[PDB]
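Structure file model_19.pdb (PDB, C-alpha atoms (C1' of nucleotides)) follows.
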MODEL        1
ATOM      1  CA  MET A 505     -36.394  44.666  18.496
ATOM      2  CA  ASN A 506     -34.845  42.317  21.094
ATOM      3  CA  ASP A 507     -37.471  43.550  23.600
ATOM      4  CA  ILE A 508     -40.401  43.078  21.234
ATOM      5  CA  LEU A 509     -39.328  39.521  20.437
ATOM      6  CA  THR A 510     -38.720  38.503  24.061
ATOM      7  CA  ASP A 511     -41.945  39.987  25.385
ATOM      8  CA  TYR A 512     -43.959  38.568  22.530
ATOM      9  CA  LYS A 513     -42.536  35.151  23.218
ATOM     10  CA  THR A 514     -43.576  35.352  26.863
ATOM     11  CA  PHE A 515     -46.975  36.703  25.833
ATOM     12  CA  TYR A 516     -47.495  34.024  23.175
ATOM     13  CA  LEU A 517     -46.550  31.149  25.431
ATOM     14  CA  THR A 518     -48.687  32.324  28.294
ATOM     15  CA  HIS A 519     -51.724  33.305  26.238
ATOM     16  CA  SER A 520     -52.158  30.793  23.407
ATOM     17  CA  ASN A 521     -52.541  27.113  22.757
ATOM     18  CA  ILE A 522     -51.293  24.322  20.529
ATOM     19  CA  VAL A 523     -54.253  24.540  18.148
ATOM     20  CA  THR A 524     -53.666  28.202  17.369
ATOM     21  CA  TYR A 525     -49.931  27.538  17.170
ATOM     22  CA  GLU A 526     -50.056  24.647  14.734
ATOM     23  CA  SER A 527     -52.465  26.647  12.604
ATOM     24  CA  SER A 528     -49.988  29.561  12.657
ATOM     25  CA  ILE A 529     -47.326  27.420  10.969
ATOM     26  CA  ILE A 530     -47.004  27.230   7.192
ATOM     27  CA  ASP A 531     -43.779  25.780   5.880
ATOM     28  CA  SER A 532     -43.566  28.108   2.879
ATOM     29  CA  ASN A 533     -42.088  30.782   5.155
ATOM     30  CA  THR A 534     -40.867  28.558   8.019
ATOM     31  CA  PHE A 535     -42.251  31.151  10.425
ATOM     32  CA  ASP A 536     -43.203  29.707  13.797
ATOM     33  CA  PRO A 537     -43.934  31.988  16.756
ATOM     34  CA  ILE A 538     -41.979  30.030  19.356
ATOM     35  CA  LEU A 539     -38.755  29.239  17.508
ATOM     36  CA  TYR A 540     -38.515  32.121  15.006
ATOM     37  CA  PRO A 541     -38.175  34.785  17.740
ATOM     38  CA  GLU A 542     -35.317  32.799  19.157
ATOM     39  CA  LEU A 543     -33.440  32.386  15.850
ATOM     40  CA  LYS A 544     -33.834  36.104  14.876
ATOM     41  CA  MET A 545     -33.007  37.427  18.392
ATOM     42  CA  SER A 546     -29.948  39.517  17.381
ATOM     43  CA  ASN A 547     -29.936  39.081  13.569
ATOM     44  CA  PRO A 548     -31.938  42.106  12.262
ATOM     45  CA  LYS A 549     -31.834  41.035   8.613
ATOM     46  CA  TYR A 550     -32.768  37.424   9.241
ATOM     47  CA  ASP A 551     -34.749  35.595   6.649
ATOM     48  CA  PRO A 552     -34.932  31.798   6.676
ATOM     49  CA  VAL A 553     -35.637  31.024   3.015
ATOM     50  CA  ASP A 561     -21.936  29.596  -6.850
ATOM     51  CA  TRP A 562     -21.120  30.380  -3.245
ATOM     52  CA  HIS A 563     -17.697  31.866  -3.922
ATOM     53  CA  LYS A 564     -18.595  35.155  -5.575
ATOM     54  CA  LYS A 565     -20.507  36.066  -2.432
ATOM     55  CA  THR A 566     -18.875  38.554  -0.119
ATOM     56  CA  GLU A 567     -19.248  36.153   2.781
ATOM     57  CA  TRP A 568     -16.853  33.806   1.028
ATOM     58  CA  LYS A 569     -14.434  36.442  -0.149
ATOM     59  CA  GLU A 570     -13.691  37.872   3.278
ATOM     60  CA  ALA A 571     -14.169  34.723   5.337
ATOM     61  CA  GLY A 572     -11.210  34.725   7.689
ATOM     62  CA  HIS A 573     -10.672  38.486   7.771
ATOM     63  CA  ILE A 574     -13.548  40.924   7.879
ATOM     64  CA  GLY A 575     -13.361  44.042   5.800
ATOM     65  CA  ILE A 576     -10.517  42.676   3.670
ATOM     66  CA  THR A 577     -11.730  40.904   0.567
ATOM     67  CA  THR A 578      -9.588  38.468  -1.358
ATOM     68  CA  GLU A 579     -10.291  36.057  -4.186
ATOM     69  CA  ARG A 580      -8.908  32.754  -3.077
ATOM     70  CA  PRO A 581      -7.240  30.211  -5.309
ATOM     71  CA  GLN A 582      -9.238  27.070  -5.271
ATOM     72  CA  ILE A 583      -9.420  23.829  -7.177
ATOM     73  CA  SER A 584     -12.546  23.765  -9.296
ATOM     74  CA  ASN A 585     -13.057  20.000  -9.240
ATOM     75  CA  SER A 586     -12.105  18.942  -5.750
ATOM     76  CA  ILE A 587     -12.398  15.348  -4.634
ATOM     77  CA  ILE A 588     -12.048  15.699  -0.882
ATOM     78  CA  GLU A 589     -15.730  14.953  -0.438
ATOM     79  CA  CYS A 590     -15.245  11.645  -2.238
ATOM     80  CA  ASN A 591     -14.278   8.581  -0.245
ATOM     81  CA  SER A 592     -11.315   6.558  -1.414
ATOM     82  CA  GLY A 593     -13.391   3.441  -1.944
ATOM     83  CA  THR A 594     -15.329   5.168  -4.705
ATOM     84  CA  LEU A 595     -12.307   7.028  -6.020
ATOM     85  CA  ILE A 596     -10.635   3.707  -6.745
ATOM     86  CA  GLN A 597     -13.379   2.784  -9.213
ATOM     87  CA  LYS A 598     -12.396   5.016 -12.147
ATOM     88  CA  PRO A 599      -9.351   7.180 -12.934
ATOM     89  CA  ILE A 600      -9.115  10.618 -11.355
ATOM     90  CA  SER A 601      -9.335  13.660 -13.597
ATOM     91  CA  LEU A 602      -6.668  16.301 -13.572
ATOM     92  CA  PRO A 603      -7.460  19.365 -11.472
ATOM     93  CA  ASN A 604      -9.168  22.408 -12.869
ATOM     94  CA  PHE A 605      -8.221  25.625 -11.143
ATOM     95  CA  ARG A 606      -9.499  29.094 -10.355
ATOM     96  CA  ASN A 607      -7.921  32.423  -9.425
ATOM     97  CA  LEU A 608      -4.218  31.560  -9.247
ATOM     98  CA  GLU A 609      -3.379  35.026 -10.524
ATOM     99  CA  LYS A 610      -4.962  36.745  -7.573
ATOM    100  CA  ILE A 611      -3.164  35.233  -4.599
ATOM    101  CA  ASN A 612      -1.115  38.349  -4.020
ATOM    102  CA  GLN A 613      -3.815  40.897  -4.785
ATOM    103  CA  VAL A 614      -6.067  41.785  -1.886
ATOM    104  CA  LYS A 615      -8.392  44.784  -1.890
ATOM    105  CA  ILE A 616      -9.722  46.966   0.923
ATOM    106  CA  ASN A 617     -12.778  49.237   0.771
ATOM    107  CA  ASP A 618     -11.277  51.969   2.935
ATOM    108  CA  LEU A 619     -14.318  54.033   3.789
ATOM    109  CA  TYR A 620     -12.705  55.626   6.830
ATOM    110  CA  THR A 621      -9.880  57.237   4.926
ATOM    111  CA  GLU A 622     -12.011  58.402   2.032
ATOM    112  CA  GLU A 623     -15.237  59.528   3.667
ATOM    113  CA  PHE A 624     -13.777  60.853   6.857
ATOM    114  CA  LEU A 625     -10.171  62.041   6.687
ATOM    115  CA  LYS A 626     -10.263  63.095   3.032
ATOM    116  CA  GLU A 627     -13.901  64.227   3.673
TER     117      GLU A 627
ATOM    118  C1'   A B   1      46.676  -2.090  17.560
ATOM    119  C1'   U B   2      49.654  -3.699  22.183
ATOM    120  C1'   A B   3      49.405  -5.600  26.906
ATOM    121  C1'   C B   4      46.690  -7.217  31.246
ATOM    122  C1'   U B   5      42.147  -8.858  33.968
ATOM    123  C1'   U B   6      38.529 -12.358  34.161
ATOM    124  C1'   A B   7      34.274 -15.531  31.916
ATOM    125  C1'   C B   8      33.138 -19.306  28.632
ATOM    126  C1'   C B   9      34.900 -23.587  25.696
ATOM    127  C1'   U B  10      39.096 -26.934  23.768
ATOM    128  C1'   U B  11      35.961 -32.712  19.715
ATOM    129  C1'   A B  12      31.246 -39.577  17.663
ATOM    130  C1'   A B  13      34.149 -43.075  15.172
ATOM    131  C1'   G B  14      35.451 -44.922  10.223
ATOM    132  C1'   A B  15      35.848 -44.530   4.981
ATOM    133  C1'   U B  16      36.944 -42.560  -0.842
ATOM    134  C1'   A B  17      33.888 -47.149  -6.874
ATOM    135  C1'   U B  18      32.694 -52.302  -7.629
ATOM    136  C1'   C B  19      33.655 -57.284  -9.536
ATOM    137  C1'   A B  20      37.428 -60.596 -11.677
ATOM    138  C1'   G B  21      42.379 -61.769 -13.155
ATOM    139  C1'   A B  22      48.415 -61.587 -12.733
ATOM    140  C1'   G B  23      52.499 -60.191  -9.025
ATOM    141  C1'   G B  24      54.833 -58.796  -4.235
ATOM    142  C1'   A B  25      54.932 -58.123   1.504
ATOM    143  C1'   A B  26      47.079 -73.382   3.274
ATOM    144  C1'   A B  27      43.847 -69.000   5.548
ATOM    145  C1'   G B  28      42.567 -64.259   5.165
ATOM    146  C1'   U B  29      44.966 -58.933   5.188
ATOM    147  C1'   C B  30      47.613 -55.039   2.556
ATOM    148  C1'   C B  31      49.533 -52.998  -1.908
ATOM    149  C1'   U B  32      50.654 -52.613  -7.379
ATOM    150  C1'   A B  33      51.941 -43.746 -12.405
ATOM    151  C1'   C B  34      49.453 -53.373 -12.786
ATOM    152  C1'   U B  35      45.798 -55.425 -16.216
ATOM    153  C1'   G B  36      40.146 -56.455 -17.944
ATOM    154  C1'   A B  37      34.808 -55.394 -17.152
ATOM    155  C1'   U B  38      31.084 -52.370 -14.966
ATOM    156  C1'   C B  39      29.732 -47.646 -12.661
ATOM    157  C1'   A B  40      29.982 -42.424 -11.592
ATOM    158  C1'   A B  41      31.844 -37.238 -12.428
ATOM    159  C1'   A B  42      34.010 -33.410 -15.336
ATOM    160  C1'   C B  43      35.354 -31.628 -20.123
ATOM    161  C1'   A B  44      35.296 -31.677 -25.356
ATOM    162  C1'   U B  45      32.056 -33.437 -29.436
ATOM    163  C1'   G B  46      28.127 -35.105 -32.398
ATOM    164  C1'   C B  47      23.599 -36.745 -34.115
ATOM    165  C1'   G B  48      18.309 -35.281 -40.970
ATOM    166  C1'   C B  49      17.283 -36.893 -32.688
ATOM    167  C1'   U B  50      12.333 -34.233 -29.436
ATOM    168  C1'   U B  51       9.671 -29.826 -27.663
ATOM    169  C1'   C B  52       9.621 -24.210 -27.411
ATOM    170  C1'   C B  53      11.205 -19.295 -29.052
ATOM    171  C1'   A B  54       5.246 -12.672 -30.172
ATOM    172  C1'   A B  55       1.124  -8.081 -35.357
ATOM    173  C1'   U B  56       3.932  -4.200 -38.085
ATOM    174  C1'   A B  57       1.152  -6.090 -44.893
ATOM    175  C1'   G B  58       0.028  -4.306 -38.422
ATOM    176  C1'   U B  59      -2.868  -0.955 -33.124
ATOM    177  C1'   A B  60      -2.643  -7.219 -32.216
ATOM    178  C1'   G B  61      -1.675 -11.720 -29.537
ATOM    179  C1'   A B  62       0.463 -16.047 -26.112
ATOM    180  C1'   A B  63       1.908 -17.723 -21.276
ATOM    181  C1'   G B  64       1.436 -16.502 -15.847
ATOM    182  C1'   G B  65      -0.416 -13.162 -12.277
ATOM    183  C1'   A B  66      -3.401  -9.364  -9.512
ATOM    184  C1'   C B  67      -2.519 -10.185  -2.000
ATOM    185  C1'   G B  68      -7.444  -5.458  -8.921
ATOM    186  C1'   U B  69     -12.256  -2.873  -9.980
ATOM    187  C1'   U B  70     -17.502  -3.304 -11.254
ATOM    188  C1'   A B  71     -19.383  -4.927  -6.005
ATOM    189  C1'   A B  72     -23.672  -4.149  -0.766
ATOM    190  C1'   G B  73     -22.996  -8.323  -8.459
ATOM    191  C1'   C B  74     -26.910 -12.835  -8.601
ATOM    192  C1'   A B  75     -28.596 -17.271  -5.296
TER     193        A B  75
ENDMDL
END
As structure tokens, how would this structure be written, given the file I've shared?
Amino acid sequence: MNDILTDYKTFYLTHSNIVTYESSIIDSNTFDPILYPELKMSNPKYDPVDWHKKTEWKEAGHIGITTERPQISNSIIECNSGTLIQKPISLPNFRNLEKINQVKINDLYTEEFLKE
RNA sequence: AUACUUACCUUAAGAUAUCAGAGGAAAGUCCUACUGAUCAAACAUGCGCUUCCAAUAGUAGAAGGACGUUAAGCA
């Protein structure tokens, strides 16, 4: 796939023009034949088109080892202090304090291979 | 702490209520647990003296602030 994208980039640049290119672009997909081969060079499942129940969040620092992290539900660290002074700050809401010591591991190598 | 060593200094004067009257050491000085009058201070003590001292029968209000927010307010 890396070969097909590199050779098609060299082929497209050498053999086509700006008219055909700007007609090839529609922003509903954000496909463009010069930049999209570069972005998807090594990502096979690349597509361009609540983020704490995702498994990217849950194993962020450590890959393979998934843990629910305690976090403050209403967190004010985006807010600047000049606007925080305007009205009184709510108490924190929380999430997942119970799970700071439980961490789970999907041990496929022990189960599928040693235990067969 | 003692002691020893050095280094730096070792000074503006004067006064303690006023005025008047009697006495003592002709002008003035000094003094009187002397005597009047005024003044000032302290301490007691009074004036039919003058001003001021916050809801609970209610969820307030008065005085003074903010080097507080709205706020890149509006012109």
Report, as JSON, the centre and edge lengths in Å (one decimal) of the axis-aligned box enclosing every listed atom of stretch 56-75 of chain B, padded by 5 Å on each side.
{"center_x": -12.3, "center_y": -9.3, "center_z": -22.8, "size_x": 42.5, "size_y": 26.8, "size_z": 54.1}
Per residue of chain A within 9 Å of chain B, which atom pair is closest and at what distance in Å (one decimal), using all atoms listed in the file, listed by chain and increasing number, as a tab-separated table?
residue	atom	partner	partner_atom	distance
A:596	CA	B:69	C1'	7.5
A:597	CA	B:69	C1'	5.8
A:598	CA	B:69	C1'	8.2
Residues matched by the PyMOL selection byres ((chain B and resi 40) around 8), written as a PyMOL selection string: chain B and resi 17+39+41
What would the file look like if the residues just selected were written as a PDB file, keeping the file's coordinate frame with C-alpha atoms (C1' of nucleotides)?
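Saved as result.pdb:
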ATOM      1  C1'   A B  17      33.888 -47.149  -6.874  1.00  0.00           C
ATOM      2  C1'   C B  39      29.732 -47.646 -12.661  1.00  0.00           C
ATOM      3  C1'   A B  41      31.844 -37.238 -12.428  1.00  0.00           C
TER       4        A B  41
END
Nearest-residue call for residue A:565, choices A:578, A:617, A:521, A:546, using only C-alpha atoms: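 Going through A:578, A:617, A:521, A:546 one by one, the smallest distance to residue A:565 is for A:578.
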Cut-off 9 Å around (44.9, -56.2, -15.9) with only C-alpha atoms (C1' of nucleotides): residues as a list in words: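 Every residue inside that radius is included here: residues 21, 22, 34, 35 and 36 of chain B.
Going from atom CA of residue A:575 over to atom CA of residue A:608, you cover 21.6 Å.
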Shortest interatomic distance to residue A:594 - which of B:31, B:25, B:71, B:8, counting all atoms listed in the file: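 Closest residue, counting all atoms listed in the file: B:71.
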Answer key for the PyMOL selection byres ((chain B and resi 63) around 12), residues as a count of residues only: 6
Atom pair atom CA of residue A:568 / atom CA of residue A:586: separation (Å): 17.0 Å
Pick from A:595, A:590, A:538, A:529 nearest to residue A:515, counting only C-alpha atoms: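 Of the candidates, the smallest distance to residue A:515 is held by A:538.
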Atom pair atom CA of residue A:566 / atom CA of residue A:606: separation (Å):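 Answer for the atom CA of residue A:566 to atom CA of residue A:606 separation: 16.8 Å.
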Result set of the PyMOL selection byres ((chain A and resi 601) around 10) on the coordinates above, as JSON, numbers by chain: {"A": [585, 586, 587, 598, 599, 600, 602, 603, 604]}
C-alpha atoms of the current selection, written as a short mmCIF file (atom, residue, chain, number, x, y, z; two decimals), in the coordinates of the input:
data_model
loop_
_atom_site.label_atom_id
_atom_site.label_comp_id
_atom_site.auth_asym_id
_atom_site.auth_seq_id
_atom_site.Cartn_x
_atom_site.Cartn_y
_atom_site.Cartn_z
CA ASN A 585 -13.06 20.00 -9.24
CA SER A 586 -12.10 18.94 -5.75
CA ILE A 587 -12.40 15.35 -4.63
CA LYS A 598 -12.40 5.02 -12.15
CA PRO A 599 -9.35 7.18 -12.93
CA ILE A 600 -9.12 10.62 -11.36
CA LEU A 602 -6.67 16.30 -13.57
CA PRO A 603 -7.46 19.36 -11.47
CA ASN A 604 -9.17 22.41 -12.87
#
